[PDB]
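Here the structure comes first, spelled out in structure tokens, and everything after it is commentary.
When we count neighbours, we look across all protein chains shown, and the Cβ atoms used for this are built from the backbone with ideal geometry, even at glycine. Each answer follows from the model by the rule given with it, or from the source it names; no laboratory instrument gave them.
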Amino acid sequence: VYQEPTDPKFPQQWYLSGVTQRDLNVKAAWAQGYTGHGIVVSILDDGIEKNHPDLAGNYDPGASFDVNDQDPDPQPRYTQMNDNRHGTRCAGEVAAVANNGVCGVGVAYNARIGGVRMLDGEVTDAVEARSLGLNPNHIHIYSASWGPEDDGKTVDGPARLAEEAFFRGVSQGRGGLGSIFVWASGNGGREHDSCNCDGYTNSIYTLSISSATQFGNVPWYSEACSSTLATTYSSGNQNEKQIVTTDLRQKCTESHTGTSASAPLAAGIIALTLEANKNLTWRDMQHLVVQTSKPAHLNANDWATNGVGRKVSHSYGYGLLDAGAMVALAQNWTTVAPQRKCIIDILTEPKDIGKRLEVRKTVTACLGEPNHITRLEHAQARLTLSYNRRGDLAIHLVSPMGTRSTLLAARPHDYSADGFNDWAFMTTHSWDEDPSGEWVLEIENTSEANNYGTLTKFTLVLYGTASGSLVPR
Amino acid sequence: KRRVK
Ligand SMILES: *C(=O)CCN1CCN(CCC(*)=O)CC1
Ligand SMILES: [Ca+2]
Ligand SMILES: [Ca+2]
Ligand SMILES: [Ca+2]
Ligand SMILES: [Cl-]
Ligand code: NA
Ligand code: NA
Ligand code: NA
């Protein structure tokens with residue numbers, strides 16, 4: 001019989017287990033025997049307190065480096081304001097030591113944990129690339145609780161070196177099975193930001209994770225978009241509990257908050273899943289998340305059922321992660337077929353946007369060719385357009401099975417006249433659908449102003465396979 | 001700044 005941890009703050013970790021069903025079902029995975037042994041996770045942030053009494057026993061120097069100062073020791077820089085506490089708080093969520101009389105426990109409390117010190121300085125393209133590409137045959141899972149500014153007017157993503165690091169990681173990392181990249185979807189809720197305008201979360205190579213409050217609501221800081229995959233608990237209002245973890249100066253905190261706390265919990269659950277089947281590819285892991293995540297009792301006004309019967313929301317993706325279900329399904333999982341890519345250039349001529357523009361196109365999805373796709377994974381609409389006030393635009397894409405993805409919602413603070421330059425808006429909401437048939441793109445002006453512009457390119461890019469499907473939910 | 005926590 002499994003004995004649950006005895007750490008002094010474990011009873012306050014409401015999100016790991018309980019009788020109330022408002023949890024991530026992590027104790028069920030522990031009782032199946034999975035605690036993270038043999039898995040390596042690295043936190044890409046402002047450093048890690050490698051001598052913390054709740055981290056030292058799991059610390060891994062092979063998973064660590066200091067990119068800011070060009071040395072191997074990722075110890076954070078100590079200041080009166082404790083500004084460099086952020087990475088230590090994230091690490092304890094993943095792999096804080098269990099049954100040692102100190103603070104609480106990590107989701108994967110027997111995993112090995114490291115940190116890359118890379119945010120305490122100017123964060124260039126080269127700095128990102130060196131961190132994402134660190135020791136890729138030793139580190140299994142990378143966790144990133146940072147990104148472009150959440151001011152609600154930025155459009156930005158990885159530059160050339162960083163994008164090259166993503167492709168090298170999923171292609172050759174982890175013995176050719178592919179590095180696992182976990183991303184926090186963002187804190188821009190108060191600015192009405194869209195996480196499709198962030199190239200890191202919007203990438204197909206990252207699992208982008210959103211947040212829910214203890215009572216099951218959309219937190220004030222949450223950003224909605226179609227590229228989010230799933231959700232873990234984090235903070236909310238002052239009557240709702242928060243996240244318990246290791247803090248700077250060898251302390252314990254019960255007040256870790258925001259999008260920053262959601263990605264590390266997902267990284268820990270993925271660590272338990274890899275222990276249950278070390279042969280899973282980067283794409284296998286996203287399939288497992290899609291099939292096992294749970295919508296129930298998360299409140300949102302946009303829940304919709306897609307073409308294969310799964311509920312999906314722009315605030316939550318496919319719902320809350322379920323650790324017990326993840327490790328169970330992983331054990332006898334059959335590896336997916338190699339990934340196919342079908343490129344469809346839609347437009348024959350430019351189109352004026354004006355007040356509203358609708359573009360309809362029936363596709364065969366590369367029928368008769370080696371890259372024929374009958375079973376979709378990610379889909380992208382790569383758009384080039386000019387417009388006089390970018391934040392007045394709303395953009396939607398409808399799949400042949402009738403699933404309406406919001407690619408872009410209105411952004412009141414985005415006054416840019418720069419438009420979009422081949423920006424690859426991504427949706428997860430049509431996963432496992434057949435993409436043959438009519439696709440519909442809608443672009444509209446959400447304001448009463450007399451705005452003007454032109455759509456000059458629309459490439460529909462489909463990813464997936466032609467085998468292995470399941471009876472729709 | 002280019003990147004934020
Ligand atoms: C965490 O990154 C460490 C504290 N500090 C925050 C702001 N600083 C840049 C300030 C702008 O020049 C980077 C590091
Ligand atoms: Ca150092
Ligand atoms: Ca502990
Ligand atoms: Ca954002
Ligand atoms: Cl590609
Ligand atoms: Na490979
Ligand atoms: Na992503
Ligand atoms: Na069809």
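Is there any pair with a first residue in region A:221-247 that is free of Cβ contacts under 8 Å to residues at least 40 places away in the same chain and over 30 Å from residue A:430 (Cβ atoms) and a second that is surrounded by fewer than 22 Cβ atoms within 10 Å (Cβ to Cβ) and acidic (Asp, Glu) whose Cβ atoms are under 7 Å apart and which are 6 or more apart or on different chains, and what are they?
Hits for this filter: A:242/A:254.
Among what's in region A:39-69 and is in a strand (DSSP E or B) and within 14 Å of chain B (Cβ to nearest Cβ), pick the residue that is farthest from residue A:148 (Cα to Cα).
Looking at residues that are in a strand (DSSP E or B) and within 14 Å of chain B (Cβ to nearest Cβ), I get A:43.
Can you confirm whether residue A:149 is surrounded by fewer than 22 Cβ atoms within 10 Å (Cβ to Cβ) and either within 13 Å of chain B (Cβ to nearest Cβ) or touching a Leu at 6+ places or on another chain (Cβ under 6 Å) (or both)?
Here the answer is yes, as residue A:149 does meet what is asked.
Looking at residue A:83, is it away from ligand 6 (no atom under 16 Å from the Cβ) and away from chain B (no Cβ under 14 Å)?
no
Is at least one residue of region A:442-454 under 27 Å from the mean Cα position of the chain (by Cα) and farther than 22 Å from residue A:310 by Cβ? Working first, answer last.
Taking region A:442-454 and keeping what is under 27 Å from the mean Cα position of the chain (by Cα), we get A:442-443.
From what is left, the residues that are farther than 22 Å from residue A:310 by Cβ are A:442-443.
Scanning region A:442-454, I find at least one residue that is under 27 Å from the mean Cα position of the chain (by Cα) and farther than 22 Å from residue A:310 by Cβ, so the answer is yes.
Taking the residues in region A:216-234 that are among the hydroxyl-bearing types (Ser, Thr, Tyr) and part of a loop (DSSP other than H, G, I, E, B) as candidates, determine which candidate is surrounded by the fewest Cβ atoms within 10 Å (Cβ to Cβ).
Selected residue: A:221.
What single numbered condition from (1) more than 16 Å from ligand 6 (Cβ to nearest atom); (2) of a type in the set (S, T, N, Q); (3) in a helix (DSSP H, G or I) fails to hold for residue A:171?
So residue A:171 meets the others, but not (1).
If I ask for residues that are under 22 Å from residue A:162 (Cβ atoms) and in contact (Cβ under 8 Å) with a residue 60 or more places away in the chain, which ones from region A:184-198 would you list?
Matches in region A:184-198: A:184, A:185, A:186, A:187, A:193, A:194, A:196, A:197.
Of all residues being away from chain B (no Cβ under 14 Å) and assigned to a loop (DSSP other than H, G, I, E, B) in region A:174-200, which is nearest to ligand 5 (Cβ to nearest atom)? Just the residue, please.
Residue satisfying both the conditions and the ranking: A:178.
Scan region A:70-112 for residues that are closer than 21 Å to residue A:146 by Cβ and aromatic (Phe, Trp, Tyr) and jot them down.
Listed by number, the list holds a single entry, A:78.
Condition first: away from chain B (no Cβ under 14 Å) and in a loop (DSSP other than H, G, I, E, B). Now tell me which residues in region A:110-124 satisfy that.
Those that are away from chain B (no Cβ under 14 Å) and in a loop (DSSP other than H, G, I, E, B): A:110, A:111.
Could you please let me know if residue A:127 is crowded, with 23+ Cβ neighbours inside 10 Å and either more than 16 Å from ligand 4 (Cβ to nearest atom) or not in a loop (DSSP other than H, G, I, E, B) (or both)?
Criteria not met by residue A:127.
Out of (1) closer than 15 Å to residue A:223 by Cβ; (2) within 13 Å of chain B (Cβ to nearest Cβ); (3) surrounded by fewer than 22 Cβ atoms within 10 Å (Cβ to Cβ), the odd one out for residue A:155 is which?
(2)
Which residue pairs have Cβ atoms under 8 Å apart, sit 6 or more places apart or on different chains, and have a first residue in region A:98-126 that is at positive phi and in the same structural domain as residue A:162 (by CATH) and a second that is assigned to a strand (DSSP E or B) and buried (at least 21 other Cβ atoms within 10 Å of the Cβ)?
These pairs meet every condition: A:103/A:244; A:103/A:245; A:103/A:246.
Got a sec? Which of A:325, A:365 is at negative phi and away from ligand 7 (no atom under 16 Å from the Cβ)?
Numbers: A:365 fails: at negative phi.
After ruling out the rest, the residue left standing is A:325.
Look through region A:183-228, keep the residues that are charged (D, E, K, R) and touching an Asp or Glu at 6+ places or on another chain (Cβ under 8 Å), and return whichever of them is farthest from ligand 6 (Cβ to nearest atom).
Ranking the qualifying residues of region A:183-228, first place goes to A:191.
With the structure loaded, tell me whether residue A:165 is surrounded by fewer than 20 Cβ atoms within 10 Å (Cβ to Cβ) and within 25 Å of residue A:379 (Cβ to Cβ) or whether it fails that test.
Details: surrounded by fewer than 20 Cβ atoms within 10 Å (Cβ to Cβ): no; within 25 Å of residue A:379 (Cβ to Cβ): yes.
Taking the combined requirement at face value, the residue does not satisfy it.
Where the second residue is away from ligand 7 (no atom under 16 Å from the Cβ) and the first is over 23 Å from residue A:39 (Cβ atoms) and lies in region A:160-177, which pairs have Cβ atoms under 7 Å and are six or more apart or on separate chains?
A:160/A:125; A:161/A:125; A:161/A:126; A:161/A:129; A:162/A:125; A:162/A:129; A:164/A:129
Considering only residues of region A:201-214 that are assigned to a strand (DSSP E or B) and of a type in the set (A, V, I, L, M), which is farthest from ligand 8 (Cβ to nearest atom)?
A:212
Could you tell me which residue of region A:130-146 is nearest to the other protein chains (Cβ to nearest Cβ), considering only residues that are under 17 Å from residue A:199 (Cβ atoms) and in a strand (DSSP E or B)?
Per the stated criteria, the residue is A:144.
When you go through (1) assigned by CATH to the domain that holds residue A:31; (2) out of contact with any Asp or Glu (no Cβ under 7 Å at 6 or more places or on another chain); (3) surrounded by 17 or more Cβ atoms within 10 Å (Cβ to Cβ); (4) not hydroxyl-bearing (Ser, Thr, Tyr) one by one for residue A:339, which number turns out not to apply?
(1) is the only condition that residue A:339 fails.
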